[PDB]
Each structure stands twice: as C-alpha cells, then as structure tokens.
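**Q** As input, take model-v8.cif (mmCIF, C-alpha atoms):
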data_entry
loop_
_atom_site.label_atom_id
_atom_site.label_comp_id
_atom_site.auth_asym_id
_atom_site.auth_seq_id
_atom_site.Cartn_x
_atom_site.Cartn_y
_atom_site.Cartn_z
CA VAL A 2 -13.29 -15.21 -1.44
CA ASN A 3 -11.09 -12.24 -0.41
CA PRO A 4 -8.28 -11.88 -2.98
CA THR A 5 -4.64 -12.19 -1.96
CA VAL A 6 -1.98 -10.23 -3.83
CA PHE A 7 1.79 -10.35 -3.49
CA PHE A 8 4.73 -7.95 -3.78
CA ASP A 9 8.24 -9.22 -4.39
CA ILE A 10 10.46 -6.55 -2.81
CA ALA A 11 13.96 -5.69 -3.99
CA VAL A 12 16.55 -3.45 -2.34
CA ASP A 13 18.87 -1.72 -4.82
CA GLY A 14 17.90 -4.50 -7.24
CA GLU A 15 18.74 -7.35 -4.85
CA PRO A 16 15.81 -9.59 -3.88
CA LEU A 17 14.62 -9.12 -0.31
CA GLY A 18 11.51 -11.27 -0.04
CA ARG A 19 7.77 -11.53 -0.60
CA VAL A 20 4.79 -9.96 1.18
CA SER A 21 1.21 -11.06 0.53
CA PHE A 22 -1.96 -9.09 1.33
CA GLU A 23 -5.58 -10.01 1.84
CA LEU A 24 -7.86 -7.37 0.32
CA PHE A 25 -11.09 -6.99 2.30
CA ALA A 26 -13.14 -6.99 -0.89
CA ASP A 27 -16.30 -7.97 1.01
CA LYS A 28 -16.21 -4.68 2.93
CA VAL A 29 -14.44 -2.17 0.66
CA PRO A 30 -15.10 -3.75 -2.77
CA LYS A 31 -14.28 -0.66 -4.82
CA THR A 32 -11.08 0.15 -2.91
CA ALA A 33 -9.82 -3.43 -2.83
CA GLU A 34 -10.43 -3.91 -6.55
CA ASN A 35 -8.33 -0.83 -7.30
CA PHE A 36 -5.38 -2.29 -5.39
CA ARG A 37 -5.90 -5.77 -6.87
CA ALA A 38 -5.99 -4.54 -10.47
CA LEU A 39 -2.97 -2.27 -9.99
CA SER A 40 -1.11 -5.29 -8.58
CA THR A 41 -1.84 -7.57 -11.55
CA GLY A 42 -1.41 -4.78 -14.10
CA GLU A 43 -4.40 -6.07 -16.04
CA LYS A 44 -5.56 -2.54 -17.00
CA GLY A 45 -2.22 -1.69 -18.64
CA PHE A 46 -0.62 0.13 -15.69
CA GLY A 47 0.08 -0.54 -12.03
CA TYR A 48 2.60 -1.13 -9.31
CA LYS A 49 5.17 -3.39 -10.97
CA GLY A 50 8.55 -1.63 -10.95
CA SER A 51 7.45 1.21 -8.65
CA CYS A 52 9.19 2.22 -5.45
CA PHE A 53 8.42 2.85 -1.78
CA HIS A 54 9.27 6.53 -1.60
CA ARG A 55 8.61 7.20 2.10
CA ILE A 56 9.47 4.84 4.96
CA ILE A 57 9.39 6.08 8.57
CA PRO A 58 10.43 3.38 11.06
CA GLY A 59 7.87 2.78 13.79
CA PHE A 60 5.18 4.43 11.66
CA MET A 61 4.60 3.13 8.13
CA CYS A 62 5.87 2.32 4.65
CA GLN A 63 4.34 4.36 1.83
CA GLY A 64 4.34 3.45 -1.85
CA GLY A 65 2.18 3.33 -4.96
CA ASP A 66 3.26 6.46 -6.82
CA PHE A 67 4.04 4.77 -10.11
CA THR A 68 4.00 7.94 -12.23
CA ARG A 69 6.28 10.39 -10.38
CA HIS A 70 7.95 8.05 -7.82
CA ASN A 71 8.00 10.65 -5.05
CA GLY A 72 4.52 11.02 -3.49
CA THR A 73 3.06 13.51 -5.97
CA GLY A 74 1.66 11.12 -8.57
CA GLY A 75 -0.32 7.93 -9.16
CA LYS A 76 -3.82 7.27 -10.43
CA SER A 77 -6.62 4.83 -9.78
CA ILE A 78 -8.30 2.44 -12.22
CA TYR A 79 -11.39 4.66 -11.93
CA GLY A 80 -9.66 7.89 -12.92
CA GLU A 81 -7.33 10.38 -11.29
CA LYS A 82 -9.08 10.10 -7.89
CA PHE A 83 -12.02 8.29 -6.28
CA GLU A 84 -14.19 8.64 -3.21
CA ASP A 85 -13.68 7.45 0.34
CA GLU A 86 -15.70 4.26 0.22
CA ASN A 87 -16.30 3.80 3.96
CA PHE A 88 -14.45 3.71 7.27
CA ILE A 89 -15.70 0.36 8.58
CA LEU A 90 -12.16 -0.84 9.31
CA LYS A 91 -9.75 0.79 11.73
CA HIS A 92 -5.98 1.17 11.99
CA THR A 93 -5.57 -1.46 14.71
CA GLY A 94 -1.86 -2.35 14.54
CA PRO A 95 1.12 -3.26 12.37
CA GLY A 96 0.35 -4.82 8.97
CA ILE A 97 -2.75 -2.72 8.18
CA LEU A 98 -3.03 -1.58 4.55
CA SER A 99 -4.59 1.86 4.17
CA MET A 100 -5.11 4.46 1.43
CA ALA A 101 -3.05 7.63 1.19
CA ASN A 102 -4.96 10.71 0.08
CA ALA A 103 -4.91 14.49 -0.11
CA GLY A 104 -8.10 15.32 1.73
CA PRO A 105 -11.64 13.95 1.49
CA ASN A 106 -12.39 11.71 -1.51
CA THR A 107 -8.91 11.97 -3.08
CA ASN A 108 -7.86 8.31 -3.26
CA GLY A 109 -5.54 7.40 -6.12
CA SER A 110 -2.93 4.64 -6.07
CA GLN A 111 -0.73 5.55 -3.09
CA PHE A 112 -1.09 3.40 0.01
CA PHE A 113 0.77 2.72 3.20
CA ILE A 114 1.54 -0.33 5.29
CA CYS A 115 1.37 0.56 8.97
CA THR A 116 4.16 -0.68 11.23
CA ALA A 117 2.44 0.68 14.35
CA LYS A 118 -1.09 1.20 15.60
CA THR A 119 -2.13 4.52 14.02
CA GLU A 120 -5.53 5.23 15.53
CA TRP A 121 -5.46 8.96 14.70
CA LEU A 122 -5.95 8.00 11.04
CA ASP A 123 -9.30 6.30 11.76
CA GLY A 124 -12.08 7.92 9.75
CA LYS A 125 -9.61 9.78 7.51
CA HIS A 126 -7.90 6.97 5.56
CA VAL A 127 -9.75 3.97 4.12
CA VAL A 128 -8.42 0.68 5.52
CA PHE A 129 -8.73 -2.07 2.96
CA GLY A 130 -6.24 -4.87 3.60
CA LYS A 131 -3.77 -6.50 5.85
CA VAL A 132 -0.41 -8.30 5.55
CA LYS A 133 -1.05 -12.04 5.48
CA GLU A 134 2.48 -13.37 4.95
CA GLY A 135 5.85 -11.69 5.20
CA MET A 136 5.39 -9.20 8.02
CA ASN A 137 9.08 -9.95 8.64
CA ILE A 138 9.86 -8.61 5.17
CA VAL A 139 8.02 -5.37 5.95
CA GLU A 140 9.96 -5.05 9.20
CA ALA A 141 13.15 -5.47 7.17
CA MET A 142 12.04 -2.73 4.74
CA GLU A 143 11.59 -0.48 7.78
CA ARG A 144 15.30 -0.53 8.55
CA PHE A 145 16.07 1.28 5.26
CA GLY A 146 13.83 4.19 6.29
CA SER A 147 14.67 7.25 8.36
CA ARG A 148 13.01 9.82 10.59
CA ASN A 149 12.17 12.13 7.67
CA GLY A 150 11.07 9.24 5.44
CA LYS A 151 13.94 9.21 2.96
CA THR A 152 15.22 5.71 2.31
CA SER A 153 18.90 4.77 2.32
CA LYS A 154 18.51 2.37 -0.61
CA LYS A 155 15.94 2.06 -3.38
CA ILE A 156 13.06 -0.19 -2.29
CA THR A 157 11.15 -1.43 -5.33
CA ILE A 158 8.27 -3.74 -6.13
CA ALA A 159 10.20 -6.02 -8.49
CA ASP A 160 7.15 -8.17 -9.25
CA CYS A 161 3.55 -8.33 -8.09
CA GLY A 162 0.36 -10.18 -8.84
CA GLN A 163 -2.55 -12.16 -7.51
CA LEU A 164 -2.16 -15.45 -5.64
CA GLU A 165 -5.83 -16.32 -5.01
#
What do you get writing this file as structure tokens?
**A**
Amino acid sequence: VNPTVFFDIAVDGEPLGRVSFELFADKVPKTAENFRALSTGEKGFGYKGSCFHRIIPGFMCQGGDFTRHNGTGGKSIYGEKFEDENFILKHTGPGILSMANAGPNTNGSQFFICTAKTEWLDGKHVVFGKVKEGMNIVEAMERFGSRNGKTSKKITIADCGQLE
C-alpha cells in the first residue's frame, strides 16, 4: 500500500538513470503525500525539471527547490511550510529520504537522500522514505558533488511520477 515514486535523473541533459522511492505513507501520511503529489505534479506544480542544488559526497544529495533552484525556495502542497509530523523513523544509513527544513515545523519541498548514516539528524528532520531501486544511480550522482556542495554538472529530475 506504500506508494512508490520515481525520478529519472539527467546530467547536463544526458540521461543517467532512474531511482525509485517507497514513501512510508503508513507512518508519515502527511509528509509522504506531499512528496508523492510533488512527484506526479497533480496539483499543478512539483519536482519535474528541478535540480539537485547541493551534493556532498559521503553525506547526502539535496534537491526539491523548484522555485529558486538554489536552496532558498520551494513550497509544499499544504502551503509555504508545514509541521514536523513525527520522528518515528531514524536516519539509519544510505538511501534514507528525509525532509530539509529551516528550524522546527518549517517543511516545504526540499529533501535530501542520505549517502551515509546521519544519526545526528534524528529528531530534527522527518524521515519519510527510502530508495527502493537505483541506489547505484544515487552513488553516481554523488561523484558530481564536492566538499562544499556545489556540483560540477547540472543534475536534474528530467521526469518523475508514481509507479505504484
């Protein structure tokens, strides 16, 4: 019953590959539904065409700012920001999907995929999904990142949607 969404990733316009995500909708229903709807675009806006603006190898890939493309924008399907739903799930290793924010109850549309266990984020960032297929594609994304997060080529979500 947990939805699966996909991102087709492109590097400077060239296809790289596909990553799919299970959204733990049974445990964070409000958070998961935000991500799911932004991935299908069914509300009239969402992730298609947006970039991954911050990638730090051995740490995480961050994306989801589809309005300013640099970490300062984005919005949720609920409004400009929504609450921290719960912290049932922890940052247990690579492939965890977690919400970016700017302090308590400031979720929007930015998220990050962890490429390392990041336990110091537990109880601060809402975990809501996990890579199901294509962890190898995320590891490939990582090699375009840098220590300060700037990427060496443009990493975009060329297409996205729901698989099940």
**Q** Pick out the closest residue to residue 71 in chain A from this set: A:144, A:111, A:96, A:87. Count only C-alpha atoms.
**A**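 Nearest to residue 71 in chain A: A:111.
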**Q** A:136, A:161, A:156, A:2: which is nearest residue 55 in chain A, counting all atoms listed in the file?
**A**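 For residue 55 in chain A, the nearest of the given residues is A:156.
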**Q** Could you list the residues chosen by the PyMOL selection byres ((chain A and resi 32) around 9) in this structure as a ChimeraX atom specification?
**A** /A:24-26,29-31,33-37,83,85-86,100,108,127-129
**Q** What are the centre and edge lengths in Å, to one decimal, of the axis-aligned box around all listed atoms of range 41-55 of chain A with 8 Å added on each side, as AutoDock Vina command-line options?
**A**
--center_x 1.9 --center_y -0.2 --center_z -8.3 --size_x 30.8 --size_y 30.8 --size_z 36.7
**Q** Kindly indicate which residue among A:145, A:60, A:79, A:48 lies nearest to residue 116 in chain A, using all atoms listed in the file for the distances.
**A** A:60
**Q** CA of residue 10 in chain A to CA of residue 64 in chain A: how many Å, to one decimal?
**A**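 So the two atoms, CA of residue 10 in chain A and CA of residue 64 in chain A, lie 11.8 Å apart.
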**Q** Return the single residue from A:120, A:28, A:84, A:92 that is closest to residue 105 in chain A, with distances computed using all atoms listed in the file.
**A**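 The shortest atom-to-atom distance to residue 105 in chain A comes from A:84.
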**Q** Save N, CA, C and O atoms of range 74-99 of chain A from the block above as a short mmCIF file (atom, residue, chain, number, x, y, z; two decimals), in the first residue's frame.
**A**
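Final output, selection.cif:
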data_model
loop_
_atom_site.label_atom_id
_atom_site.label_comp_id
_atom_site.auth_asym_id
_atom_site.auth_seq_id
_atom_site.Cartn_x
_atom_site.Cartn_y
_atom_site.Cartn_z
N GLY A 74 14.20 28.25 -1.93
CA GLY A 74 12.80 28.26 -2.29
C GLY A 74 12.09 26.94 -2.07
O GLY A 74 12.50 26.12 -1.24
N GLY A 75 11.02 26.72 -2.83
CA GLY A 75 10.17 25.55 -2.68
C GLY A 75 8.92 25.86 -1.88
O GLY A 75 8.84 26.84 -1.14
N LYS A 76 7.92 25.00 -2.03
CA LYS A 76 6.71 25.09 -1.22
C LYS A 76 6.02 23.74 -1.22
O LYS A 76 6.18 22.95 -2.14
N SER A 77 5.24 23.50 -0.17
CA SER A 77 4.53 22.25 -0.02
C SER A 77 3.15 22.35 -0.67
O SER A 77 2.70 23.43 -1.06
N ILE A 78 2.47 21.21 -0.77
CA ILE A 78 1.09 21.21 -1.27
C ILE A 78 0.12 21.75 -0.24
O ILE A 78 -1.05 21.97 -0.56
N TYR A 79 0.58 21.95 0.99
CA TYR A 79 -0.26 22.45 2.07
C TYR A 79 -0.14 23.95 2.25
O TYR A 79 -0.91 24.53 3.03
N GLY A 80 0.80 24.59 1.57
CA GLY A 80 1.16 25.97 1.80
C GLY A 80 2.66 26.11 1.84
O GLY A 80 3.42 25.18 1.54
N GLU A 81 3.12 27.29 2.26
CA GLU A 81 4.54 27.60 2.20
C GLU A 81 5.38 26.77 3.17
O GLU A 81 6.58 26.62 2.94
N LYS A 82 4.78 26.22 4.23
CA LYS A 82 5.51 25.36 5.15
C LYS A 82 4.52 24.60 6.03
O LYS A 82 3.44 25.11 6.34
N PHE A 83 4.90 23.38 6.42
CA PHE A 83 4.04 22.54 7.26
C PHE A 83 4.85 21.89 8.38
O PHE A 83 6.09 21.93 8.41
N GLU A 84 4.12 21.33 9.33
CA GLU A 84 4.68 20.93 10.62
C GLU A 84 5.54 19.68 10.49
O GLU A 84 5.44 18.89 9.54
N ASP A 85 6.41 19.49 11.48
CA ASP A 85 7.07 18.21 11.64
C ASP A 85 6.05 17.19 12.10
O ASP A 85 5.44 17.34 13.18
N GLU A 86 5.84 16.15 11.29
CA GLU A 86 4.72 15.24 11.54
C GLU A 86 5.01 14.30 12.70
O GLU A 86 4.21 14.19 13.64
N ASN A 87 6.16 13.63 12.66
CA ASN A 87 6.67 12.85 13.79
C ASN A 87 8.10 12.49 13.46
O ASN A 87 8.58 12.72 12.34
N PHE A 88 8.78 11.89 14.44
CA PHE A 88 10.13 11.38 14.25
C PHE A 88 10.21 9.89 14.57
O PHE A 88 11.14 9.42 15.22
N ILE A 89 9.22 9.13 14.10
CA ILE A 89 9.23 7.68 14.30
C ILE A 89 10.47 7.06 13.68
O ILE A 89 11.13 6.20 14.28
N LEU A 90 10.80 7.48 12.46
CA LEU A 90 11.85 6.86 11.67
C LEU A 90 13.17 7.61 11.83
O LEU A 90 13.21 8.82 11.99
N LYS A 91 14.26 6.85 11.78
CA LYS A 91 15.58 7.38 12.05
C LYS A 91 16.42 7.35 10.78
O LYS A 91 16.08 6.70 9.80
N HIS A 92 17.53 8.09 10.82
CA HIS A 92 18.48 8.17 9.71
C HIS A 92 19.47 7.03 9.90
O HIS A 92 20.53 7.20 10.49
N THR A 93 19.13 5.85 9.37
CA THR A 93 19.86 4.62 9.70
C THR A 93 20.96 4.24 8.72
O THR A 93 21.77 3.36 9.04
N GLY A 94 21.03 4.86 7.55
CA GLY A 94 22.08 4.54 6.60
C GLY A 94 21.86 5.17 5.25
O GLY A 94 20.99 6.03 5.08
N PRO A 95 22.66 4.80 4.25
CA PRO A 95 22.46 5.34 2.91
C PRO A 95 21.09 4.96 2.36
O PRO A 95 20.54 3.90 2.67
N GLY A 96 20.52 5.86 1.54
CA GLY A 96 19.24 5.63 0.88
C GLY A 96 18.03 6.20 1.62
O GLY A 96 16.94 6.22 1.05
N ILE A 97 18.21 6.68 2.85
CA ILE A 97 17.13 7.33 3.59
C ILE A 97 16.73 8.64 2.92
O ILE A 97 17.58 9.46 2.56
N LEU A 98 15.42 8.85 2.80
CA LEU A 98 14.82 10.10 2.32
C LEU A 98 14.29 10.90 3.50
O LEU A 98 13.46 10.41 4.27
N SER A 99 14.73 12.15 3.62
CA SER A 99 14.42 12.96 4.79
C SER A 99 14.15 14.40 4.39
O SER A 99 14.67 14.88 3.38
#
